[PDB]
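Asker: Just so you know, the sequence shown maps onto residues 24 to 30, 36 to 71, 83 to 107, 112 to 126, 132 to 153, 160 to 167, 176 to 188, 200 to 217, 222 to 325, 328 to 439 in the entry's author numbering. Cβ coordinates follow ideal geometry from the N, Cα and C atoms, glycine included.
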Amino acid sequence: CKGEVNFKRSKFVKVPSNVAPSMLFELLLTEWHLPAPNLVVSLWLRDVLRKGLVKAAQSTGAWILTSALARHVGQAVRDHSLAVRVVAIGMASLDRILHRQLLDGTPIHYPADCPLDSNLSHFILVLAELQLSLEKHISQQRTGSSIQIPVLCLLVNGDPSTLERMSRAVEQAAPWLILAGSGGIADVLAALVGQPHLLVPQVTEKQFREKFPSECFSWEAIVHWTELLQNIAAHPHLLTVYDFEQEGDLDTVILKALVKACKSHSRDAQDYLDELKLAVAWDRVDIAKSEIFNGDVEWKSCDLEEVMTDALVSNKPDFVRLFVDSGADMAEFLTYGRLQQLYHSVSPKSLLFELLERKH
């Protein structure tokens with residue numbers, strides 16, 4: 024069901045039980061008319088995040104999966124939108145929303167002193202399972222020149238139950254990147270990950286009593302969280318702890336984690352190719368060179384060809400230096416058609432474009 028809230037109208041798509049995974053995706057794509065996401069991330084530290092990435096997202100755009112500490116960041120992103133574009137989707141249930149009967153049965163006034179955040183301009187009215206489903210759906214959807226789409230899990234100061242949300246997500250083939258200083262289950266995660274015996278039957282209780290000792294817990298939930306943690310810690314790939322109290328660049332470790340991730344899933348050219356396209360977007364070319372080409376992958380020219388075109392078109396010289404140095408023979412690459420393409424891919428704003436146009 025389609026609805027509009029003249030609050036400047038926000039879109040509502042009815043999110044029925046067991047909804048098709050590719051249904052809400054195409055609905056938000058078409059009914060909301062947003063551009064293709066080149067990146068998706070599902071939610083000192085208060086400035087590091089909201090400055091280094093928020094600014095570095097403007098270059099290429101991305102999608103941010105959130106739920107209306113959190114209010115400060117919501118207001119921050121609201122302030123960031125005031126100054132290619134990034135979109136936010138309000139995938140949320142209907143039970144926790146107030147005045148749900150008013151919107152169920160045309161500006162639906164839902165003034166409540176609960177209501178949803180009016181900063182968002184879209185929503186999907188119907200929870201963790203939907204998150205996992207959409208994540209696996211986007212991670213499979215190939216945005217291309223056949224190009225897949227990135228999705229990441231940013232964890233911060235979470236609660237205990239999130240481990241379950243992480244547990245299945247570890248099976249979801251999703252890299253996890255967590256910060257060590259957020260102040261919740263993130264810190265215990267950061268502490269308990271490194272062990273000779275990766276398990277922790279009771280010292281898990283030792284730390285959960287050590288960190289956040291406001292509520293007392295039964296031993297059954299403690300041993301259950303212990304087995305959950307033992308199951309989660311068995312995928313080092315998706316798992317990636319880091320610190321921002323000493324030194325970093329969030330988009331740098333971001334690529335670091337994503338790259339090490341696409342390392343394990345498989346070893347192909349096209350496998351690494353999305354990530355290489357990523358570094359292309361981020362110009363973190365040194366990282367990839369040390370990491371991707373020189374790291375493991377022995378490339379084939381015919382493959383990298385496409386990317387090479389991309390890189391050149393970006394006036395992006397260095398990566399070309401490398402890809403050529405990676406053994407790309409532009410002599411092989413060159414085609415009068417290839418140059419025809421390249422030139423037709425010139426900037427319309429360029430006086431070159433105008434001059435060529437007058438010529439034509």
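1) What residues in its chain sit with their C-beta under 7 Å from that of residue 15, if we drop five residues either side in the sequence?
2) Return helix, strand or coil for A407, following the three-state DSSP convention.
3) Got a sec? Which residues, its chain only, sit under 7 Å from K42 by beta carbon, not counting five neighbours each side?
4) When you compare each of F40, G153, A310 to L178 by their alpha carbons, which one comes out closest?
5) Write down the C-beta distance between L305 and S259 rounded to the nearest angstrom, noting that I regard them as a contact closer than 8 Å.
6) Can we say the stretch 372-390 touches the stretch 406-426, given the rule of at least three CB pairs closer than 8 Å?
7) Check whether the Cβ atoms of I211 and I224 lie closer than 8 Å to each other.
8) Assign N394 to one of two classes, buried (16 or more other C-beta atoms within 10 Å of its C-beta) or exposed (fewer than that).
9) On the DSSP letters alone, give me the boundaries of the alpha helix (DSSP H) that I145 sits inside.
10) Are the stretch 262-278 and the stretch 341-359 touching by the rule of at least three beta carbon pairs closer than 8 Å?
11) Quick one: grab the DSSP three-state call for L357.
12) For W253, name the three-state secondary structure that DSSP assigns.
13) Using 8 Å as the threshold, is the stretch 334-352 in touch with the stretch 249-265, meaning 3 or more CB pairs across them?
14) Which word fits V376, buried or exposed, when buried means at least 16 other C-beta atoms lie within 10 angstroms of its C-beta?
15) Go through its chain and collect everything with a Cβ distance to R215's Cβ below 6 Å, but skip five positions before and after it.
16) Where are the alpha helix (DSSP H) runs, 4 residues long or more, that stay fully inside the stretch 337-387, in chain order?
Answerer: According to the structure data:
1) Only positions 24 to 439 of the chain appear in this structure, which leaves residue 15 out of reach.
2) In this structure, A407 counts as coil in the three-state DSSP scheme.
3) For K42, where only same-chain residues beyond five positions count, the Cβ hits under 7 Å are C24, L187.
4) Here the closest residue by C-alpha is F40.
5) About 19 Å; that fails the 8 Å criterion.
6) When C-beta atoms of the stretch 372-390 are compared with those of the stretch 406-426, three or more pairs fall below 8 Å, so the two segments count as touching.
7) No, the Cβ-Cβ distance between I211 and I224 is not below 8 Å.
8) Under the 10 Å beta carbon count, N394 is surrounded by fewer than 16 other beta carbons and is classified as exposed.
9) Membership of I145 in any alpha helix (DSSP H) is not indicated, and neither H nor E is assigned to it by DSSP.
10) The stretch 262-278 and the stretch 341-359 do not touch, with fewer than 3 CB-CB distances between them shorter than 8 Å.
11) Reduced to three states, the DSSP call for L357 is helix.
12) Strand.
13) These segments touch.
14) Classification for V376: buried.
15) If we look at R215 and ignore the five residues flanking it on each side, its Cβ neighbours are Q225.
16) Fully enclosed alpha helix (DSSP H) runs of 4 or longer: 348-361, 364-367.
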